[PDB]
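All remarks here apply to the structure that follows.
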Amino acid sequence: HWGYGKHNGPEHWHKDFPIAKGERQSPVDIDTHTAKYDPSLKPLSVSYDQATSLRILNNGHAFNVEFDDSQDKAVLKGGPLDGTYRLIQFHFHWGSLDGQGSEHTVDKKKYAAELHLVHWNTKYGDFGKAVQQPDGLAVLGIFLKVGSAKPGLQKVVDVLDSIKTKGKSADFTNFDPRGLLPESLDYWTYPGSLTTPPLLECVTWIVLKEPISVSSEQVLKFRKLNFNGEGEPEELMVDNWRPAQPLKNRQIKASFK
Ligand SMILES: [Zn+2]
């Protein structure tokens with residue numbers, strides 16, 4: 001019964017998921033004055049030309065756009081990564097107000113939302129095995145600010161009415177995740193965790209420096225989703241973000257000077 005409410009939110013998760021207080025928890029604050037350029041880093045390779053989206057699902061915590069991950073169709077490689085990481089899904093975290101919603105922060109700044117493109121390391125065969133490994137996942141995180149509309153997000157926005165409540169899904173084929181990227185692939189990276197229970201410390205985070213802009217109308221439609229199931233009292237799906245966790249014995253590295 002974890003969530004983001006009044007009595008089940010992030011500050012409670014440790015009782016069921018003690019790794020919530022672990023050594024490598026996410027998100028974190030990215031201090032641009034202490035992150036250090038790492039010349040050993042390579043450019044990201046984002047290879048999404050062959051992506052096969054399938055479905056969009058309201059899981060009661062966010063919505064996931066799911067992909068066919070049974071072949072190397074949409075992969076992330078390079079950067080800090082060794083090997084090939086396959087896209088399984090993306091989802092967002094967002095606020096009730098434009099001044100909060102992101103999970104990572106940058107010099108303590110909160111963005112309106114954050115996109116997570118989740119990938120798993122093909123050496124482990126499937127997602128469920130990958131999450132048991134320290135290098136099992138690679139999550140590309142992208143900040144959202146409110147300003148101009150993001151045209152490539154609109155197809156997501158316009159299906160949201162069909163998945164208003166927890167447990168609803170809809171077909172979502174032929175969606176191109178390249179339309180969600182900023183111009184630059186400059187990034188910060190560090191080792192961390194899933195940001196929802198079970199909070200497993202299996203993630204290489206790659207957080208892009210350049211945010212994307214979305215419109216106030218686009219974010220307002222996200223805020224019409226519901227945490228609840230159909231036929232239950234309405235609870236708007238807002239503020240589904242975990243706050244920054246202690247960095248502990250980690251360093252954040254930058255791909256750029
Ligand atoms: Zn996430």
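If you read the sequence from its start, that first residue is 1, and numbering goes on from there. The figures that follow rest on heavy atoms only: side chains count, while hydrogens, waters and symmetry mates do not. In listed order, ligands and their atoms are each counted from 1.
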**Asked** Do we see a donor-acceptor contact under 3.5 Å between the side chains of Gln71 and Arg86?
**Response** no
**Asked** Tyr190 vs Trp205 aromatic rings, parallel, tilted or perpendicular, using cut-offs 30° and 60°?
**Response** parallel
**Asked** Under 30°, 30 to 60°, or over 60°: which ring-plane class applies to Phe92 and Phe63, parallel, tilted or perpendicular?
**Response** tilted
**Prompt:** Mind checking whether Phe67 and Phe90 have parallel, tilted or perpendicular rings, split at 30° and 60°?
**Reply:** tilted
**Message:** On the six-membered ring of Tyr85, is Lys77 placed so that its NZ or CZ lies under 6.0 angstrom from the centre and within 45° of the ring axis?
**Reply:** no
**Fill in**
Listing protein N, O or S under 2.8 Å around the Zn ion (ligand 1) gives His91 NE2, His93 NE2, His116 ND1
**Asked** Do the numbers put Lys109 on top of the ring of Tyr111, so that NZ or CZ is under 6.0 Å from the six-membered ring centre and no more than 45° off the axis?
**Response** yes
